[PDB]
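K.L.:
Sending over model_22.csv (CSV, C-alpha atoms and all ligand atoms).
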```
chain,number,residue,atom,x,y,z
A,12,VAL,CA,0.2,24.4,-1.4
A,13,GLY,CA,-2.9,24.8,-3.6
A,14,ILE,CA,-4.4,26.9,-6.3
A,15,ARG,CA,-7.0,29.7,-6.4
A,16,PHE,CA,-9.1,31.3,-9.2
A,17,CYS,CA,-10.9,34.6,-9.6
A,18,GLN,CA,-13.6,36.1,-7.5
A,19,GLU,CA,-15.5,37.7,-10.4
A,20,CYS,CA,-13.8,36.4,-13.6
A,21,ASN,CA,-13.9,32.6,-13.0
A,22,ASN,CA,-10.3,32.2,-14.3
A,23,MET,CA,-7.1,30.7,-13.0
A,24,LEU,CA,-4.5,32.7,-11.1
A,25,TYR,CA,-0.7,32.9,-11.3
A,26,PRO,CA,1.7,34.2,-8.6
A,27,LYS,CA,3.3,37.6,-8.5
A,28,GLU,CA,5.0,40.0,-6.1
A,29,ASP,CA,4.3,43.7,-5.2
A,30,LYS,CA,7.0,46.0,-6.6
A,31,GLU,CA,6.1,48.7,-4.0
A,32,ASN,CA,5.1,46.9,-0.7
A,33,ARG,CA,7.2,43.7,-1.4
A,34,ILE,CA,4.5,41.2,-0.8
A,35,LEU,CA,3.5,38.1,-2.8
A,36,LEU,CA,0.4,39.3,-4.6
A,37,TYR,CA,-1.4,36.6,-6.5
A,38,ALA,CA,-2.7,38.5,-9.5
A,39,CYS,CA,-4.9,37.4,-12.4
A,40,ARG,CA,-3.1,37.7,-15.7
A,41,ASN,CA,-6.2,37.2,-17.8
A,42,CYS,CA,-7.8,40.0,-15.8
A,43,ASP,CA,-7.0,42.6,-13.1
A,44,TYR,CA,-7.9,40.8,-9.8
A,45,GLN,CA,-5.3,40.6,-7.0
A,46,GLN,CA,-5.1,39.4,-3.4
A,47,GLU,CA,-2.4,39.2,-0.6
A,48,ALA,CA,-0.7,35.8,-0.1
A,49,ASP,CA,-1.7,34.7,3.4
A,50,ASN,CA,0.2,31.4,3.0
A,51,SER,CA,3.4,33.1,1.7
A,52,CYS,CA,4.3,29.9,-0.1
A,53,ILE,CA,4.4,29.3,-3.9
A,54,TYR,CA,5.6,25.8,-4.7
A,55,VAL,CA,6.2,22.4,-3.1
A,56,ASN,CA,7.3,19.1,-4.6
A,57,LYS,CA,7.8,15.8,-2.9
A,58,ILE,CA,9.7,13.8,-5.6
A,59,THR,CA,10.4,10.8,-3.4
A,60,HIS,CA,6.8,10.8,-2.1
A,61,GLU,CA,7.2,10.2,1.6
A,62,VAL,CA,3.4,10.8,1.9
A,63,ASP,CA,1.9,7.6,3.2
A,64,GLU,CA,-1.0,6.0,1.4
A,65,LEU,CA,-3.2,6.3,4.5
A,66,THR,CA,-4.2,9.8,3.3
A,67,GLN,CA,-6.1,8.2,0.4
A,68,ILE,CA,-7.1,4.6,1.3
A,69,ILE,CA,-10.9,4.4,0.9
A,70,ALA,CA,-12.8,3.1,3.9
A,71,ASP,CA,-15.3,0.9,2.1
A,72,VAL,CA,-12.5,-1.6,1.0
A,73,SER,CA,-13.1,-3.3,4.4
A,74,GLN,CA,-16.5,-4.6,3.2
A,75,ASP,CA,-14.8,-6.1,0.1
A,76,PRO,CA,-15.5,-9.9,0.2
A,77,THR,CA,-12.3,-11.0,-1.5
A,78,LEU,CA,-9.7,-9.5,0.8
A,79,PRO,CA,-8.3,-11.5,3.8
A,80,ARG,CA,-9.5,-11.1,7.3
A,81,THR,CA,-7.5,-11.2,10.5
A,82,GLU,CA,-8.9,-11.3,14.0
A,83,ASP,CA,-5.9,-9.7,15.8
A,84,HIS,CA,-4.9,-6.0,15.7
A,85,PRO,CA,-8.1,-4.5,17.1
A,86,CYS,CA,-9.2,-1.0,16.1
A,87,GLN,CA,-8.5,1.9,18.4
A,88,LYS,CA,-11.7,4.0,18.4
A,89,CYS,CA,-13.8,0.9,18.7
A,90,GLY,CA,-12.5,-2.5,19.9
A,91,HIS,CA,-14.0,-4.6,17.1
A,92,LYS,CA,-11.4,-7.3,17.2
A,93,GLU,CA,-11.4,-8.3,13.5
A,94,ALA,CA,-10.1,-6.4,10.5
A,95,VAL,CA,-8.5,-6.7,7.0
A,96,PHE,CA,-5.0,-6.2,5.6
A,97,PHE,CA,-3.6,-5.7,2.1
A,98,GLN,CA,-0.4,-4.4,0.6
A,99,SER,CA,0.1,-1.0,-1.0
A,100,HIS,CA,0.0,-2.3,-4.5
A,101,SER,CA,1.0,1.2,-5.6
A,102,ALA,CA,4.0,1.3,-8.0
A,103,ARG,CA,6.7,3.9,-7.2
A,104,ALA,CA,4.9,5.3,-4.1
A,105,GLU,CA,7.3,3.4,-1.8
A,106,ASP,CA,9.2,0.1,-1.8
A,107,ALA,CA,7.9,-0.9,1.6
A,108,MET,CA,5.6,-3.9,1.9
A,109,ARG,CA,4.0,-2.5,5.2
A,110,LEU,CA,0.6,-4.0,5.5
A,111,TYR,CA,-2.2,-1.5,5.7
A,112,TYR,CA,-5.1,-2.3,8.1
A,113,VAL,CA,-8.6,-0.8,8.0
A,114,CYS,CA,-11.3,-1.6,10.6
A,115,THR,CA,-14.4,-3.3,9.3
A,116,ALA,CA,-17.2,-1.9,11.4
A,117,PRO,CA,-20.3,-0.6,9.6
A,118,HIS,CA,-19.6,3.1,10.5
A,119,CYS,CA,-15.9,2.8,11.6
A,120,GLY,CA,-12.9,2.9,9.2
A,121,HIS,CA,-10.0,4.3,11.3
A,122,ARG,CA,-7.0,3.2,9.3
A,123,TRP,CA,-3.5,2.3,10.6
A,124,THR,CA,-0.3,0.6,9.8
A,125,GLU,CA,2.0,-1.4,12.0
B,679,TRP,CA,19.5,-61.9,-24.6
B,680,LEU,CA,16.9,-59.3,-23.6
B,681,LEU,CA,14.4,-61.8,-25.0
B,682,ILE,CA,15.5,-64.0,-22.1
B,683,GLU,CA,16.0,-61.3,-19.5
B,684,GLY,CA,13.2,-58.9,-20.5
B,685,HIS,CA,12.5,-55.3,-19.4
B,686,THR,CA,9.4,-53.6,-18.1
B,687,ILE,CA,8.0,-50.7,-16.2
B,688,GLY,CA,4.9,-50.3,-14.1
B,689,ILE,CA,3.2,-48.9,-11.0
B,690,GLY,CA,5.4,-51.0,-8.7
B,691,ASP,CA,8.3,-48.9,-10.1
B,692,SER,CA,6.6,-45.7,-9.0
B,693,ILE,CA,5.4,-46.6,-5.5
B,694,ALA,CA,7.9,-45.9,-2.7
B,695,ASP,CA,7.9,-47.1,0.9
B,696,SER,CA,5.5,-45.6,3.4
B,697,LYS,CA,8.5,-44.3,5.4
B,698,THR,CA,9.6,-42.5,2.3
B,699,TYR,CA,6.2,-40.9,1.9
B,700,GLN,CA,6.2,-39.8,5.6
B,701,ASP,CA,9.7,-38.3,5.2
B,702,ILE,CA,8.7,-36.5,2.0
B,703,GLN,CA,5.5,-35.1,3.6
B,704,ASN,CA,7.6,-33.9,6.6
B,705,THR,CA,10.1,-32.2,4.3
B,706,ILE,CA,7.3,-30.4,2.4
B,707,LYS,CA,5.6,-29.4,5.6
B,708,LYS,CA,8.9,-27.9,7.0
B,709,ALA,CA,9.5,-26.1,3.7
B,710,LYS,CA,5.9,-24.6,3.8
B,711,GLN,CA,6.4,-23.6,7.4
B,712,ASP,CA,9.8,-21.9,6.6
B,713,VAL,CA,8.3,-19.9,3.7
B,714,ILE,CA,5.4,-18.9,5.9
B,715,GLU,CA,8.0,-17.7,8.4
B,716,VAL,CA,9.9,-15.7,5.8
B,717,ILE,CA,6.8,-14.1,4.3
B,718,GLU,CA,5.7,-13.2,7.8
B,719,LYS,CA,9.0,-11.5,8.3
B,720,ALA,CA,8.5,-9.6,5.0
B,721,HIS,CA,5.1,-8.5,6.0
B,722,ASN,CA,6.4,-7.2,9.4
B,723,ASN,CA,9.3,-5.5,7.6
B,724,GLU,CA,12.4,-7.1,8.9
B,725,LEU,CA,13.7,-8.8,5.7
B,726,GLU,CA,16.9,-6.7,5.2
A,801,ZN,ZN,-8.9,37.1,-15.4
A,802,ZN,ZN,-13.0,0.5,14.4
```
Would you kindly transcribe this structure into structure tokens?

P.N.:
Amino acid sequence: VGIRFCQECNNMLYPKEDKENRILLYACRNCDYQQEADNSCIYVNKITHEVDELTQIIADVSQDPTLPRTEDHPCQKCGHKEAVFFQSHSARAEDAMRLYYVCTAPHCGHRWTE
Amino acid sequence: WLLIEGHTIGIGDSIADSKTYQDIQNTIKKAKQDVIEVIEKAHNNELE
């Protein structure tokens, strides 16, 4: 899910369980700091990468001069009936050519795909 | 004998009839429209 470091020793932390209370106790191995695992999760791996690119498309690409511009498909939060589209261009992320749209208002940027 | 008959090649051998040009332009326009259609399908994700 993530990764945590010390509170007083500025060092990286590994996972470990409690022999007595039977709880995942993230404990420093370079030092003697411990904490209870609120998440109760240790590892996750999305090998096929279902995670859509929308989580990381930057908003300022809209004001790139060289991309296309389409009048249709107005934005949701603001009407602003003109936006830009461009393919994923991300090798191995997914083999779907779904066009990604981003609104081109000065302060907007609500992104969507359809 | 070719001295008598003679052979040549020129612009007149490269110009075609106006009807031919119109048909050729129509064919090219139809092909461009068809590829626009298929790329539109690919963009909208229906090209199986
Ligand atoms: Zn330590
Ligand atoms: Zn917008």

K.L.:
Show me which bits of chain B are within 9 Å of chain A, counting only C-alpha atoms, as a PyMOL selection string.

P.N.:
chain B and resi 720-723

K.L.:
Output C-alpha atoms of each residue in that selection to a file, as a compact mmCIF listing (two decimals), keeping the file's coordinate frame.

P.N.:
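Printed below is part_2.txt as written:
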```txt
# COMPACT_ATOMS: atom_id res chain seq x y z
CA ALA B 720 8.50 -9.60 5.00
CA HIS B 721 5.10 -8.50 6.00
CA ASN B 722 6.40 -7.20 9.40
CA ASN B 723 9.30 -5.50 7.60
```

K.L.:
Leaving out region 79-91 of chain A and any residue of its chain fewer than 5 positions from it, which residues lie within 8 Å of it when counting only C-alpha atoms, given as a list in words?

P.N.:
residues 96, 97, 114, 115, 116, 119 and 121 of chain A

K.L.:
Could you pull the residues within 12 Å of residue 61 (chain A), counting only C-alpha atoms, minus those fewer than 4 positions along the same chain, as a list in words?

P.N.:
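Final neighbour list, sorted by chain and number: residues 56, 57, 65, 66, 103, 104, 105, 106 and 107 of chain A.
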
K.L.:
Ligand ZN 801 (chain A): which residues are within 8 Å, counting all atoms listed in the file? Reply as a list in words.

P.N.:
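Those residues are residues 17, 20, 21, 22, 23, 24, 39, 40, 41, 42, 43 and 44 of chain A.
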
K.L.:
Could you pull the residues within 9 Å of region 25-28 of chain A, counting all atoms listed in the file, minus those fewer than 5 positions along the same chain, as a PDB file with C-alpha atoms, in the coordinates of the input?

P.N.:
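File written: around03.pdb
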```pdb
ATOM      1  CA  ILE A  14      -4.400  26.900  -6.300  1.00  0.00           C
ATOM      2  CA  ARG A  15      -7.000  29.700  -6.400  1.00  0.00           C
ATOM      3  CA  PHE A  16      -9.100  31.300  -9.200  1.00  0.00           C
ATOM      4  CA  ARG A  33       7.200  43.700  -1.400  1.00  0.00           C
ATOM      5  CA  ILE A  34       4.500  41.200  -0.800  1.00  0.00           C
ATOM      6  CA  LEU A  35       3.500  38.100  -2.800  1.00  0.00           C
ATOM      7  CA  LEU A  36       0.400  39.300  -4.600  1.00  0.00           C
ATOM      8  CA  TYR A  37      -1.400  36.600  -6.500  1.00  0.00           C
ATOM      9  CA  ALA A  38      -2.700  38.500  -9.500  1.00  0.00           C
ATOM     10  CA  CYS A  39      -4.900  37.400 -12.400  1.00  0.00           C
ATOM     11  CA  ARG A  40      -3.100  37.700 -15.700  1.00  0.00           C
ATOM     12  CA  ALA A  48      -0.700  35.800  -0.100  1.00  0.00           C
ATOM     13  CA  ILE A  53       4.400  29.300  -3.900  1.00  0.00           C
TER      14      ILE A  53
END
```

K.L.:
Quick one, how far is CA of residue 700 (chain B) from CA of residue 718 (chain B)?

P.N.:
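Separating CA of residue 700 (chain B) from CA of residue 718 (chain B) is a distance of 26.7 Å.
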
K.L.:
Which distance in Å separates CA of residue 694 (chain B) and CA of residue 706 (chain B), to one decimal?

P.N.:
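Straight-line distance from CA of residue 694 (chain B) to CA of residue 706 (chain B) works out to 16.3 Å.
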
K.L.:
Smallest atom-to-atom distance to ligand ZN 802 (chain A): which of A:70, A:101, A:75, A:51, using only C-alpha atoms and all ligand atoms?

P.N.:
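Closest residue, counting only C-alpha atoms and all ligand atoms: A:70.
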
K.L.:
Using all atoms listed in the file, which residue out of A:31, A:93, A:12, A:102 lies closest to residue 73 (chain A)?

P.N.:
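Among A:31, A:93, A:12, A:102, it is A:93 that comes nearest to residue 73 (chain A).
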
K.L.:
What separation in Å, quoted to one decimal, exists between CA of residue 118 (chain A) and CA of residue 95 (chain A)?

P.N.:
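About the pair CA of residue 118 (chain A) and CA of residue 95 (chain A): they are 15.2 Å apart.
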
K.L.:
Taking all atoms listed in the file into account, which of A:124, A:63, A:94, A:111 comes nearest ligand ZN 802 (chain A)?

P.N.:
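That would be A:94, the residue with the smallest distance to ligand ZN 802 (chain A).
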